[PDB]
Amino acid sequence: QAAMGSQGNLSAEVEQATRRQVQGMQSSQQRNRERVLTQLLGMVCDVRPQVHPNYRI
Amino acid sequence: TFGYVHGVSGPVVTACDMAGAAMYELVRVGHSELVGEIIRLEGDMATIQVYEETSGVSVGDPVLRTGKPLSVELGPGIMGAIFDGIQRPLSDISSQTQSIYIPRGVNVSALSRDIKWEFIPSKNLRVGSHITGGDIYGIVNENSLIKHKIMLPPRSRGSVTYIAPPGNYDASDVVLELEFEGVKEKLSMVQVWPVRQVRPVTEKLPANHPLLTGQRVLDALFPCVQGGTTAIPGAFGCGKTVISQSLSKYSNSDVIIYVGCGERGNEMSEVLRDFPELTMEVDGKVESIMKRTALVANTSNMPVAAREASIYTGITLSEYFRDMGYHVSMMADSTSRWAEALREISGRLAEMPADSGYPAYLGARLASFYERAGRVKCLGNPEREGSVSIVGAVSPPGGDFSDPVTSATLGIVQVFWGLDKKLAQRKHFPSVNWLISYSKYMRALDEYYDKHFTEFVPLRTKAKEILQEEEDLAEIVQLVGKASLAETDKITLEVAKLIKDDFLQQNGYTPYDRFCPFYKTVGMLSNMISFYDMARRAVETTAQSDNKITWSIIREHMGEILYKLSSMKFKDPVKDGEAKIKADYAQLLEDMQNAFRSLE
Amino acid sequence: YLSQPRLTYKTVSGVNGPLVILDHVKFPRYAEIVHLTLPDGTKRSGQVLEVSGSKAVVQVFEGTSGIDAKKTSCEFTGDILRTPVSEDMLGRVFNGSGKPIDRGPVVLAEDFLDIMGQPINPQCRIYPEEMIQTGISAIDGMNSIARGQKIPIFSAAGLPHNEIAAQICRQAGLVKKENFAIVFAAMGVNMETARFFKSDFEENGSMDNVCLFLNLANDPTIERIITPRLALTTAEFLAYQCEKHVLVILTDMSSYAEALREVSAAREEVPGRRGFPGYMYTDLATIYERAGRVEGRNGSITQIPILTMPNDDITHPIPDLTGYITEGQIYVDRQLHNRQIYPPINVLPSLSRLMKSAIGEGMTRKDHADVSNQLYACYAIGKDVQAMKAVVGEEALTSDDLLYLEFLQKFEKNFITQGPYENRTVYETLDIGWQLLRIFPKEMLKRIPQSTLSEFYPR
């Protein structure tokens, strides 16, 4: 019964560490969320048309 | 000079608009400039065999045609460099990219063009003079050991119109200009020669000068000659390192070339790691071996074209220096690895297989390989001479001699330094089998030996007779225990042991035995054979009746002589000069004869 | 990035077994990845094997059933197969195509690598040095694996080569006289064994350091070919870019070789020796040689290819071509298995060419080399004495022969026999060796120098 408890409480501790890691990722991505999104919109908006490099006419 | 890719079926690329192309020409396929060769041609289309991965090649990609077939770039900077089998400098690729990989489509010039070489003209030529192929018009000072002589490329001649003054030039400049029938040719310090073509010589001469390796065994009993061809088995336990280091460190050759064909990555690392750490005394200074060495490195995962071409790239580099008047010694780490690469290409080309799956022309390719070695009279007015030796190794799967590659090699090479693993397990080095090994140059070298040493030839004959008899007596000893055995046979057995222990065995990790000069090798054998003859006579002339000499009497009576004979290998040539060592050996010979004399 | 809109073609010239032949394709690439959409909405993947002008020929990964020549569409990606790699993918389980099958997310890539890669420049290759202990005494105290060598396990069909492979994954690590990872790829594995690997790795806590690729026997045969390339592609990322030591285990290379033969037939290539492609040699080297140490970096890759010997004949091209380009062999036997010895590894025919550098003071223990050599001789002699006993009887033996028989019986029972869940470190393996060696008096241990005996032999 003690074995089931101890690391069993550590299962909550496994859950405790998991929540902290998710919160960290959420905080980190927020710091520059707008910067990453802004660059992505710029890249998709800039079309840059090009003719295939092997076109020979 | 461009065509276009029509289609890709794997490693084979079909080109269109490529009418102006020759078979076995070179192409750089695609935007990554993949290296390949043209094999089949039809109309204005060509079939290209690409050495590297073709992933990503598109229809419509460019193909750049290169006029020269597979060729080796020859010029200053060749020494000290490590090359791929198709002449790609690995020490520059790893240093110009900071990568650990060989880039796909990597295009690094074989000889760097950023080095300002010290070039001195011959000072004998003038503008308006006549020059022919093989002539030397100046020397580049690379290092303290090897002068890199600049020759006029073969198949070129004419009147000299410009000679560069002494100064610092790189490999992209113009050093000599010549005009033949109104056609002006501008030459730099670098020449290009197709790797499958044999560089011409004035004449091919007999090989008469010994290859002076540092080992007592593989010299006294089994000589190699400058320009000769031998084979060495390559097995994990054979101890092949001893020959490689002894040959590369102390040989009387000028230039060493070590050629890998397609070995295990870790084995290529061992060679690349060991070689830079080897040194030898030259003019009293200790110099790195890499100042007079060139190395070609190919691992089993290199493009098959390079693994197959590596062997010819090596010998082309060898001939280049041969034409300079140097004696070159090339070792192919494994000709079995080459034969494997060749079979792979034949398979890719869907050629009908022959013996044990190898191409029908396996023997023809090996025969033309070894025929390129030998002592030659060089081209050019300097009337210089040189040679190429080949000491290529064989390592057939399973260790058998039935494999066409080892069987064909043995029918071509004139010397076989058969090694064994049992000897290595017994800690007996060099690991020479003795009964299997042979040399077919013994007659060719008889003129040299007679002229300079005289007694060497009967000594090596007697030595082989003693060793063979020791083997022949083995059955008698096993069934007898040296009891019901002739006293003359006891001499053979015990003296043969003395030879095996204190002559044929050599300890290369000792400073005194690193290299045994020939005069010391023949000195040691002379005294041992002289003892043999004295012991045989001492017993035979007294074996009639009443008062006879036996081995027990000889061994107990003159044990100090047997000790002095064993001690002879410790005469360090570095501290004890030629006169002192000969003097000490003369004293043993006299003491020895007198020891037997006291018994009669 | 390309940022070029993809072209999707509905023009199909024909379909022939696993191949779909397309028409009017614009500047197709060789090895280009495409995606098919069937009339039923089903999606399939494939790869372009031949491009002859506008006639692109694509091999479909999944079956070609259901594909027509009128409605099926082919979307071209414009690129070749490049695998997303990261450190985070360690601890994940993937299928042959690189997709997760562990209910986790798709890999969030740090980069994309061509799975074919490039050969490692020999000028920067470092000769193998330290040891990676496996935990299995039969291959730690007798034929250890140097940190950088490539040593295969040859087994006959039916022997427990998969159970040993799993044990190595659970037990292997550094000597420890945090920077060690294992990449495990199983090719052509059946469902029961694939479950074994996945469950055994998860349950025993080892998964944190294992990247597992499972290519099942009923999976596409072409995916089986890239599987070992994806495993090594990850290994190269982890090893050389992230400064750590990676052990790569390629299980059932014989099943790979069969998949390779199938691809060759798809190209209508004429079979070579024993039905295999003439390029089987370089293909194995392409996989095997992507390993070893490199100058200037602290990472390394080792390999333990595992190969089933057809008809138990070491001469067969598969073990022959492998061994010819690897450094020694472990060799799992059958006699030891039928005698109920686990692991069933026969030490007499095995060899590790790099053991001389793997072991010794500063890497394992001073006496490692001496204990190995003496144990090998003692086992070889014990087998020789056992053969004699069978002819002359017990009463015809002398005391020395009896000591060799005692060693032989206790050597196999104590040293070789281990169990799948007992992890014996290199120092425990050597201590067990000494326990067997102390059977003999000092004078019979001819291969151990007197200095070594005086230090280690007593007590």
# chains A, B, ... in the order shown; residues from 1 in each chain; ligands from 1

$ residues_around --residues "range 91-108 of chain C" --least-positions-apart "4" --cutoff "7 Å" --atoms "only C-alpha atoms" --output "list in words"
residues 84, 207, 208, 209, 210, 211, 212, 213, 214, 215, 223, 224 and 227 of chain C

$ write_last_selection --atoms "N, CA, C and O atoms" --output "CSV table (one decimal), in the first residue's frame"
chain,number,residue,atom,x,y,z
C,84,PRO,N,11.9,15.4,-41.2
C,84,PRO,CA,11.9,16.3,-40.1
C,84,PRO,C,12.6,15.7,-38.9
C,84,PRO,O,12.2,14.6,-38.5
C,207,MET,N,12.4,4.2,-22.6
C,207,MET,CA,12.0,4.9,-23.8
C,207,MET,C,12.5,6.3,-23.9
C,207,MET,O,12.7,6.8,-25.0
C,208,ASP,N,12.8,6.9,-22.7
C,208,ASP,CA,13.3,8.3,-22.7
C,208,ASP,C,14.5,8.4,-23.6
C,208,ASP,O,14.8,9.5,-24.1
C,209,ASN,N,15.3,7.4,-23.8
C,209,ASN,CA,16.5,7.4,-24.6
C,209,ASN,C,16.5,6.6,-25.8
C,209,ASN,O,17.5,6.3,-26.4
C,210,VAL,N,15.3,6.2,-26.3
C,210,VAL,CA,15.2,5.3,-27.5
C,210,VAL,C,14.3,6.0,-28.5
C,210,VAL,O,13.2,6.6,-28.2
C,211,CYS,N,14.7,6.0,-29.7
C,211,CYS,CA,13.9,6.4,-30.9
C,211,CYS,C,13.6,5.2,-31.7
C,211,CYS,O,14.5,4.6,-32.2
C,212,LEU,N,12.3,4.8,-31.7
C,212,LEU,CA,12.0,3.5,-32.2
C,212,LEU,C,11.2,3.6,-33.6
C,212,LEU,O,10.3,4.4,-33.7
C,213,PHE,N,11.7,2.9,-34.6
C,213,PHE,CA,11.1,2.8,-35.9
C,213,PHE,C,10.6,1.4,-36.1
C,213,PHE,O,11.4,0.5,-36.0
C,214,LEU,N,9.3,1.2,-36.4
C,214,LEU,CA,8.8,-0.1,-36.7
C,214,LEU,C,8.3,-0.1,-38.1
C,214,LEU,O,7.4,0.6,-38.4
C,215,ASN,N,8.9,-1.0,-38.9
C,215,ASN,CA,8.4,-1.3,-40.2
C,215,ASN,C,7.9,-2.7,-40.2
C,215,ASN,O,8.7,-3.7,-40.1
C,223,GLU,N,8.9,1.3,-48.1
C,223,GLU,CA,9.1,2.0,-46.8
C,223,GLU,C,10.1,1.3,-45.9
C,223,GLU,O,10.7,2.0,-45.1
C,224,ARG,N,10.1,0.0,-46.1
C,224,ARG,CA,11.2,-0.7,-45.4
C,224,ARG,C,12.6,-0.3,-45.8
C,224,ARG,O,13.5,-0.5,-45.1
C,227,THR,N,13.2,3.1,-44.1
C,227,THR,CA,13.3,3.0,-42.6
C,227,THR,C,14.7,3.1,-42.1
C,227,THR,O,15.0,3.9,-41.2

$ interface_residues --of "chain C" --to "chain A" --cutoff "9 Å" --atoms "only C-alpha atoms" --output "ChimeraX atom specification"
/C:3-4,27

$ select_by_dssp --residues "chain A" --states "alpha helix (DSSP H)" --output "PyMOL selection string"
chain A and resi 2-31+33-45

$ write_last_selection --atoms "C-alpha atoms" --output "PDB file, in the first residue's frame"
ATOM      1  CA  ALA A   2       2.880   2.347   0.761  1.00  0.00           C
ATOM      2  CA  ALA A   3       4.517   1.626  -2.623  1.00  0.00           C
ATOM      3  CA  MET A   4       1.277   2.378  -4.440  1.00  0.00           C
ATOM      4  CA  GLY A   5       0.922   5.624  -2.504  1.00  0.00           C
ATOM      5  CA  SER A   6       4.378   7.113  -2.631  1.00  0.00           C
ATOM      6  CA  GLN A   7       5.202   7.258  -6.355  1.00  0.00           C
ATOM      7  CA  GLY A   8       1.370   7.293  -6.725  1.00  0.00           C
ATOM      8  CA  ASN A   9       1.483  10.749  -5.094  1.00  0.00           C
ATOM      9  CA  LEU A  10       4.440  11.187  -7.500  1.00  0.00           C
ATOM     10  CA  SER A  11       1.871  10.443 -10.293  1.00  0.00           C
ATOM     11  CA  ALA A  12       0.184  13.675  -9.138  1.00  0.00           C
ATOM     12  CA  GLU A  13       3.791  14.996  -9.093  1.00  0.00           C
ATOM     13  CA  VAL A  14       4.122  13.708 -12.659  1.00  0.00           C
ATOM     14  CA  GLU A  15       0.933  15.679 -13.321  1.00  0.00           C
ATOM     15  CA  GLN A  16       2.280  18.640 -11.353  1.00  0.00           C
ATOM     16  CA  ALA A  17       5.416  18.866 -13.506  1.00  0.00           C
ATOM     17  CA  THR A  18       3.373  18.391 -16.682  1.00  0.00           C
ATOM     18  CA  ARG A  19       1.118  21.390 -15.929  1.00  0.00           C
ATOM     19  CA  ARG A  20       4.183  23.547 -15.225  1.00  0.00           C
ATOM     20  CA  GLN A  21       5.782  22.579 -18.529  1.00  0.00           C
ATOM     21  CA  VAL A  22       2.603  23.406 -20.468  1.00  0.00           C
ATOM     22  CA  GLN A  23       2.331  26.758 -18.687  1.00  0.00           C
ATOM     23  CA  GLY A  24       5.949  27.474 -19.577  1.00  0.00           C
ATOM     24  CA  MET A  25       5.353  26.765 -23.262  1.00  0.00           C
ATOM     25  CA  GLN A  26       2.248  28.969 -23.203  1.00  0.00           C
ATOM     26  CA  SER A  27       4.194  31.820 -21.596  1.00  0.00           C
ATOM     27  CA  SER A  28       7.186  31.447 -23.919  1.00  0.00           C
ATOM     28  CA  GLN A  29       5.217  31.432 -27.159  1.00  0.00           C
ATOM     29  CA  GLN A  30       3.306  34.538 -26.065  1.00  0.00           C
ATOM     30  CA  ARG A  31       6.461  36.643 -25.723  1.00  0.00           C
ATOM     31  CA  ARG A  33       3.603  35.419 -30.772  1.00  0.00           C
ATOM     32  CA  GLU A  34       2.801  38.525 -32.811  1.00  0.00           C
ATOM     33  CA  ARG A  35       6.315  38.677 -34.289  1.00  0.00           C
ATOM     34  CA  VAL A  36       6.202  35.096 -35.551  1.00  0.00           C
ATOM     35  CA  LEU A  37       2.701  35.576 -36.971  1.00  0.00           C
ATOM     36  CA  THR A  38       3.677  38.869 -38.570  1.00  0.00           C
ATOM     37  CA  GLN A  39       6.648  37.326 -40.388  1.00  0.00           C
ATOM     38  CA  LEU A  40       4.517  34.425 -41.617  1.00  0.00           C
ATOM     39  CA  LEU A  41       1.896  36.752 -43.089  1.00  0.00           C
ATOM     40  CA  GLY A  42       4.648  38.730 -44.801  1.00  0.00           C
ATOM     41  CA  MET A  43       6.124  35.606 -46.369  1.00  0.00           C
ATOM     42  CA  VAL A  44       2.787  34.374 -47.726  1.00  0.00           C
ATOM     43  CA  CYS A  45       1.785  37.838 -48.963  1.00  0.00           C
TER      44      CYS A  45
END

$ residues_around --residues "residue 258 in chain B" --least-positions-apart "2" --cutoff "12 Å" --atoms "only C-alpha atoms" --output "number ranges by chain"
B: 79-85, 244-245, 247-248, 255-256, 260-261, 268, 271-272, 275, 289-290, 292-298, 310-311, 313-315, 317-318, 328-334, 389-393

$ residues_around --residues "range 59-67 of chain C" --least-positions-apart "5" --cutoff "10 Å" --atoms "only C-alpha atoms" --output "short mmCIF file (atom, residue, chain, number, x, y, z; two decimals) with N, CA and C atoms, in the first residue's frame"
data_model
loop_
_atom_site.label_atom_id
_atom_site.label_comp_id
_atom_site.auth_asym_id
_atom_site.auth_seq_id
_atom_site.Cartn_x
_atom_site.Cartn_y
_atom_site.Cartn_z
N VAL C 12 -2.98 10.22 -66.69
CA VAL C 12 -2.36 8.95 -66.33
C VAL C 12 -2.23 8.14 -67.62
N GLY C 14 -0.94 4.94 -67.69
CA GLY C 14 -1.21 3.55 -67.40
C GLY C 14 -0.72 3.19 -66.01
N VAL C 15 -1.09 1.98 -65.58
CA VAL C 15 -0.69 1.49 -64.27
C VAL C 15 -0.23 0.05 -64.42
N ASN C 16 0.94 -0.27 -63.85
CA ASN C 16 1.52 -1.59 -64.01
C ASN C 16 2.11 -2.10 -62.70
N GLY C 17 1.36 -2.98 -62.04
CA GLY C 17 1.66 -3.43 -60.70
C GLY C 17 1.78 -2.31 -59.70
N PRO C 18 2.95 -2.18 -59.06
CA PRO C 18 3.12 -1.11 -58.07
C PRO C 18 3.38 0.24 -58.69
N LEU C 19 3.50 0.31 -60.02
CA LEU C 19 3.89 1.54 -60.67
C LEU C 19 2.68 2.19 -61.35
N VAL C 20 2.67 3.52 -61.30
CA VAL C 20 1.71 4.35 -62.03
C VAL C 20 2.51 5.20 -63.00
N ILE C 21 2.14 5.15 -64.28
CA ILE C 21 2.86 5.90 -65.30
C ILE C 21 2.04 7.12 -65.68
N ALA C 31 13.06 10.76 -57.79
CA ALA C 31 12.91 10.61 -56.34
C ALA C 31 11.96 11.64 -55.75
N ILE C 33 8.60 13.18 -54.31
CA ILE C 33 7.47 12.60 -53.60
C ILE C 33 6.18 13.23 -54.12
N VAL C 34 5.19 12.39 -54.37
CA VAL C 34 3.88 12.80 -54.85
C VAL C 34 2.83 12.16 -53.96
N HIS C 35 1.61 12.70 -54.02
CA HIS C 35 0.48 12.15 -53.29
C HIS C 35 -0.65 11.86 -54.27
N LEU C 36 -1.24 10.68 -54.17
CA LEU C 36 -2.36 10.32 -55.01
C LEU C 36 -3.68 10.43 -54.26
N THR C 37 -4.70 10.84 -54.99
CA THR C 37 -6.08 10.86 -54.53
C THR C 37 -6.92 9.99 -55.45
N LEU C 38 -7.50 8.93 -54.89
CA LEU C 38 -8.29 7.97 -55.64
C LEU C 38 -9.74 8.45 -55.71
N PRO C 39 -10.55 7.86 -56.60
CA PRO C 39 -11.93 8.33 -56.71
C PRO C 39 -12.71 8.22 -55.42
N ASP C 40 -12.28 7.37 -54.49
CA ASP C 40 -13.04 7.17 -53.26
C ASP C 40 -12.57 8.12 -52.17
N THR C 42 -9.62 8.24 -51.08
CA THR C 42 -8.46 7.63 -50.45
C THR C 42 -7.19 8.29 -50.95
N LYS C 43 -6.27 8.57 -50.03
CA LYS C 43 -5.00 9.18 -50.36
C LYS C 43 -3.90 8.14 -50.23
N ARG C 44 -2.92 8.21 -51.12
CA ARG C 44 -1.77 7.32 -51.09
C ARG C 44 -0.51 8.13 -51.36
N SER C 45 0.63 7.59 -50.94
CA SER C 45 1.89 8.26 -51.19
C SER C 45 2.67 7.46 -52.22
N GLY C 46 3.60 8.13 -52.88
CA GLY C 46 4.47 7.40 -53.78
C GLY C 46 5.72 8.19 -54.10
N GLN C 47 6.62 7.55 -54.83
CA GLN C 47 7.88 8.20 -55.17
C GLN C 47 8.24 7.96 -56.63
N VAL C 48 8.75 8.99 -57.29
CA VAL C 48 9.06 8.89 -58.70
C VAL C 48 10.36 8.12 -58.88
N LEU C 49 10.29 7.00 -59.61
CA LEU C 49 11.46 6.16 -59.85
C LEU C 49 12.13 6.41 -61.18
N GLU C 50 11.39 6.85 -62.19
CA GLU C 50 11.96 7.12 -63.50
C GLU C 50 11.25 8.34 -64.06
N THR C 72 -8.04 9.54 -61.13
CA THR C 72 -7.02 9.63 -60.09
C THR C 72 -6.10 10.82 -60.33
N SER C 73 -5.90 11.62 -59.29
CA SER C 73 -5.07 12.81 -59.39
C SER C 73 -3.75 12.59 -58.66
N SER C 97 7.35 5.14 -42.54
CA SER C 97 7.24 6.41 -43.24
C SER C 97 7.63 7.61 -42.39
N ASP C 219 3.83 -3.96 -44.10
CA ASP C 219 3.93 -2.58 -44.55
C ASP C 219 4.56 -2.53 -45.94
N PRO C 220 4.37 -1.42 -46.66
CA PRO C 220 4.98 -1.28 -47.98
C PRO C 220 6.46 -1.60 -47.97
N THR C 221 6.90 -2.35 -48.98
CA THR C 221 8.28 -2.79 -49.06
C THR C 221 9.25 -1.66 -49.35
N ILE C 222 8.79 -0.60 -50.01
CA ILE C 222 9.65 0.55 -50.25
C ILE C 222 9.88 1.31 -48.95
N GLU C 223 8.88 1.34 -48.07
CA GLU C 223 9.06 2.01 -46.79
C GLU C 223 10.06 1.34 -45.94
N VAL C 263 12.47 -3.89 -54.96
CA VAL C 263 12.59 -2.61 -55.66
C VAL C 263 13.34 -2.79 -56.98
N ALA C 266 11.10 -4.03 -59.56
CA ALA C 266 10.22 -2.98 -60.04
C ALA C 266 10.89 -2.16 -61.13
N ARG C 267 12.21 -2.00 -61.06
CA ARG C 267 12.91 -1.25 -62.10
C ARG C 267 13.25 -2.11 -63.32
#

$ closest_atom_pairs --of "chain B" --to "chain C" --cutoff "9 Å" --atoms "only C-alpha atoms" --output "Markdown table"
| residue | atom | partner | partner_atom | distance |
| --- | --- | --- | --- | --- |
| B:5 | CA | C:53 | CA | 8.6 |
| B:6 | CA | C:53 | CA | 5.5 |
| B:7 | CA | C:52 | CA | 4.2 |
| B:8 | CA | C:51 | CA | 5.3 |
| B:9 | CA | C:50 | CA | 4.5 |
| B:10 | CA | C:50 | CA | 6.7 |
| B:14 | CA | C:52 | CA | 8.4 |
| B:53 | CA | C:116 | CA | 8.2 |
| B:54 | CA | C:30 | CA | 7.2 |
| B:55 | CA | C:31 | CA | 5.3 |
| B:56 | CA | C:29 | CA | 5.4 |
| B:57 | CA | C:29 | CA | 5.4 |
| B:58 | CA | C:29 | CA | 4.1 |
| B:59 | CA | C:27 | CA | 5.1 |
| B:60 | CA | C:27 | CA | 6.5 |
| B:61 | CA | C:27 | CA | 8.6 |
| B:82 | CA | C:123 | CA | 7.6 |
| B:90 | CA | C:123 | CA | 6.0 |
| B:91 | CA | C:123 | CA | 6.1 |
| B:93 | CA | C:121 | CA | 8.1 |
| B:94 | CA | C:121 | CA | 6.9 |
| B:99 | CA | C:121 | CA | 8.5 |
| B:100 | CA | C:121 | CA | 5.7 |
| B:101 | CA | C:120 | CA | 4.5 |
| B:102 | CA | C:121 | CA | 5.3 |
| B:103 | CA | C:118 | CA | 6.8 |
| B:104 | CA | C:118 | CA | 6.8 |
| B:236 | CA | C:353 | CA | 7.6 |
| B:263 | CA | C:325 | CA | 7.2 |
| B:264 | CA | C:325 | CA | 5.8 |
| B:265 | CA | C:289 | CA | 6.4 |
| B:266 | CA | C:127 | CA | 5.8 |
| B:267 | CA | C:127 | CA | 8.1 |
| B:268 | CA | C:122 | CA | 6.8 |
| B:269 | CA | C:127 | CA | 5.5 |
| B:270 | CA | C:127 | CA | 5.9 |
| B:272 | CA | C:123 | CA | 6.9 |
| B:273 | CA | C:127 | CA | 7.5 |
| B:297 | CA | C:122 | CA | 7.1 |
| B:298 | CA | C:122 | CA | 7.8 |
| B:299 | CA | C:122 | CA | 7.5 |
| B:300 | CA | C:285 | CA | 5.8 |
| B:301 | CA | C:285 | CA | 4.8 |
| B:302 | CA | C:119 | CA | 6.7 |
| B:303 | CA | C:282 | CA | 8.1 |
| B:304 | CA | C:282 | CA | 7.3 |
| B:340 | CA | C:281 | CA | 8.2 |
| B:341 | CA | C:282 | CA | 8.4 |
| B:343 | CA | C:278 | CA | 7.7 |
| B:344 | CA | C:278 | CA | 5.4 |
| B:345 | CA | C:278 | CA | 7.9 |
| B:346 | CA | C:278 | CA | 8.0 |
| B:347 | CA | C:278 | CA | 4.7 |
| B:348 | CA | C:278 | CA | 6.1 |
| B:350 | CA | C:270 | CA | 6.8 |
| B:353 | CA | C:272 | CA | 8.9 |
| B:357 | CA | C:273 | CA | 7.1 |
| B:397 | CA | C:324 | CA | 7.0 |
| B:398 | CA | C:315 | CA | 8.7 |

$ residues_around --residues "range 373-385 of chain C" --least-positions-apart "4" --cutoff "7 Å" --atoms "only C-alpha atoms" --output "ChimeraX atom specification"
/C:348,369,389,401,404-405,407-408,445,447-448

$ write_last_selection --atoms "N, CA and C atoms" --output "PDB file, in the first residue's frame"
ATOM      1  N   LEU C 348      33.646 -18.550 -29.240  1.00  0.00           N
ATOM      2  CA  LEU C 348      34.845 -19.018 -29.938  1.00  0.00           C
ATOM      3  C   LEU C 348      34.934 -18.457 -31.353  1.00  0.00           C
ATOM      4  N   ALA C 369      41.922  -6.610 -20.698  1.00  0.00           N
ATOM      5  CA  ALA C 369      42.460  -7.345 -21.838  1.00  0.00           C
ATOM      6  C   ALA C 369      42.968  -8.715 -21.415  1.00  0.00           C
ATOM      7  N   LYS C 389      37.164 -36.188 -23.265  1.00  0.00           N
ATOM      8  CA  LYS C 389      36.433 -36.979 -22.284  1.00  0.00           C
ATOM      9  C   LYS C 389      35.447 -37.909 -22.963  1.00  0.00           C
ATOM     10  N   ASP C 401      42.910 -31.461 -16.689  1.00  0.00           N
ATOM     11  CA  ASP C 401      41.743 -31.623 -17.544  1.00  0.00           C
ATOM     12  C   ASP C 401      40.454 -31.422 -16.759  1.00  0.00           C
ATOM     13  N   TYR C 404      39.645 -27.818 -16.343  1.00  0.00           N
ATOM     14  CA  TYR C 404      39.101 -27.219 -17.560  1.00  0.00           C
ATOM     15  C   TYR C 404      37.641 -27.598 -17.752  1.00  0.00           C
ATOM     16  N   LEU C 405      37.268 -28.804 -17.339  1.00  0.00           N
ATOM     17  CA  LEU C 405      35.866 -29.208 -17.401  1.00  0.00           C
ATOM     18  C   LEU C 405      35.031 -28.437 -16.385  1.00  0.00           C
ATOM     19  N   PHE C 407      35.749 -25.413 -15.285  1.00  0.00           N
ATOM     20  CA  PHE C 407      35.609 -24.098 -15.899  1.00  0.00           C
ATOM     21  C   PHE C 407      34.556 -24.112 -16.988  1.00  0.00           C
ATOM     22  N   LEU C 408      34.609 -25.092 -17.890  1.00  0.00           N
ATOM     23  CA  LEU C 408      33.664 -25.101 -19.000  1.00  0.00           C
ATOM     24  C   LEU C 408      32.232 -25.094 -18.497  1.00  0.00           C
ATOM     25  N   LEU C 445      47.589 -20.014 -15.646  1.00  0.00           N
ATOM     26  CA  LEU C 445      47.017 -18.845 -16.310  1.00  0.00           C
ATOM     27  C   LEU C 445      48.115 -18.183 -17.134  1.00  0.00           C
ATOM     28  N   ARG C 447      48.436 -16.738 -19.976  1.00  0.00           N
ATOM     29  CA  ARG C 447      48.238 -15.532 -20.766  1.00  0.00           C
ATOM     30  C   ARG C 447      48.048 -14.278 -19.925  1.00  0.00           C
ATOM     31  N   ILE C 448      48.105 -14.377 -18.604  1.00  0.00           N
ATOM     32  CA  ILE C 448      47.966 -13.204 -17.746  1.00  0.00           C
ATOM     33  C   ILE C 448      49.319 -12.909 -17.112  1.00  0.00           C
TER      34      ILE C 448
END

$ select_by_dssp --residues "range 285-452 of chain C" --states "strand (DSSP E or B)" --output "list in words"
residues 292, 293, 294, 300, 301, 302, 303, 306, 307, 308, 309, 329, 332, 345 and 351 of chain C

$ residues_around --residues "residue 167 in chain C" --least-positions-apart "4" --cutoff "12 Å" --atoms "only C-alpha atoms" --output "list in words"
residues 134, 135, 136, 160, 161, 162, 163, 171, 172, 173, 184, 196, 197, 200, 201, 204, 206, 249, 342, 343, 418, 419, 420, 421, 422, 423 and 424 of chain C

$ residues_around --residues "range 469-486 of chain B" --least-positions-apart "6" --cutoff "8 Å" --atoms "only C-alpha atoms" --output "number ranges by chain"
B: 492-493, 496

$ atom_distance --atom1 "CA of residue 145 in chain B" --atom2 "CA of residue 370 in chain B"
27.5 Å

$ closest_residue --among "B:316, B:594, B:122, B:506" --to "residue 137 in chain B" --atoms "only C-alpha atoms"
B:122

$ atom_distance --atom1 "CA of residue 170 in chain C" --atom2 "CA of residue 205 in chain C"
8.2 Å
